[PDB]
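One chain comes next, on its own, written out as C-alpha cells in the form deposited in one PDB entry.
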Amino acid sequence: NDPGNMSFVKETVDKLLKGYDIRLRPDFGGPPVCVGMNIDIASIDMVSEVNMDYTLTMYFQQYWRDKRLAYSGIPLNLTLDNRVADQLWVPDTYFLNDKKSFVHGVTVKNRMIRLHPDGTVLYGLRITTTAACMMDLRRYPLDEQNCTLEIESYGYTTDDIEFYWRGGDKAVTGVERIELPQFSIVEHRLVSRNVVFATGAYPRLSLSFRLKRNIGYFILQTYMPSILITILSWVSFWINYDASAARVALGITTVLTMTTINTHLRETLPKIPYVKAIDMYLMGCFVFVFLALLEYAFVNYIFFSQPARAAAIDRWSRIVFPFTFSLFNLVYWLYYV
C-alpha cells in the first residue's frame, strides 16, 4: 500500500514484467517509437592520425516510452538495478563509424535503467568508442579536421523507430570541458536525418566536432630548428674564402642535420601519397642549405681564375640568401595561414 513497502514495489515490478515480450518494440505494428538521445562527453582521450581515428568516452542516454512498463500507485521514479536491462526492450542503437567500442564494467556494468509512472524509460550507458575520422593532412600541422560520430538503428526502419536529439542543440554537453593537448574544439554540431539503404529508410543522428591543431609544439620542434640550421649555414658566408675545410664542414653538417631534423615524423604519421606543409617547409630549407653548399663549391671552382670574383660572390650571397629565405617564409606562411 505504502511506497515504502518493498514487497508492494516488487509485486508491481513483477506484474510489469509478467508476459513481457522483449522481442517486440513498444507499439509494435503501429506508430514508430520515438527515441530521444543525449550525450555527456567525459573526454576525448586521443586523436591518432596514424590510425586516423579518435577515442571518445561518453554517457550516452536514450529516452523512450514503453506503455507496457507503465505503473500506477507509486509516486516515484523507479531506478532499477542495471541487470533488469536484460529483461526489457532496448533500441538496437549502434555507432556507424566505430572500430572498437565497449561499455565499462567496473565495478558493475556502467548502465542505468530508470522507469517513470507514465511508462517512460531512461537508459544510460558509459561507452568508450574509437571512431574512424578520415583526415586531410595536406595542411599538416596547420590543418583543421572534422571528426563525426554517427548514430543509427541497426534493424528498425523509420516505420518502426525514430531518433531525435532530446533537448535540441543542448543535447550534447561537456564539449567545453574537453582537454585535447594538441587540438582545440572550434565548434560542434548536431544533425538529424533519414538515410535510404536497400533495406529501407533508417534514422541517423550525427555529432560533429571541428578540431583545430595547435602550432606551439611544431614551432618548438620543427620550424625553429630548420630556421636555425639555415642561419648557421648562412654563417659560412662571412667566413674567409681560404678556409676550404671549414666551409665544406659547415655545408655538410648543415645538410645532414637538416636531413635528420624530422626523422620523428615517419612514425607519427600514416602513409599518404601527397606532400604536407611540414614536408614543403623542410624541402625548402634543405634546398636553401644545399644551394649554400653549391655556392661555396662554385666559389672554390672559380677562385683561381678571379680572386676578386669569389669575394664578390660571397658578398652578394651574404644578402641574397637571407632575403630569398625571408621571401620564401613570407609566401609559405601567407599561403598556409
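So that there is no doubt, residue numbering starts at 1 and follows the sequence shown. So that the term is clear: the rigid core is the largest set of C-alpha atoms that superpose within 1.5 Å between two forms.
Heads up, the form deposited in another entry isn't pictured, but that's what we're talking about next.
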query: Position with Cα shift of 2 Å or more, rigid core superposed between the shown form and the other one, options 178, 113, 96, 265; finding: 265
query: Shift in CA distance, residue 56 and residue 267, in the other entry relative to the form shown here, given it is 3 Å or more; finding: farther
query: Cα separation of residue 268 and residue 56 in the other entry versus here, shift of 3 Å or more; finding: farther
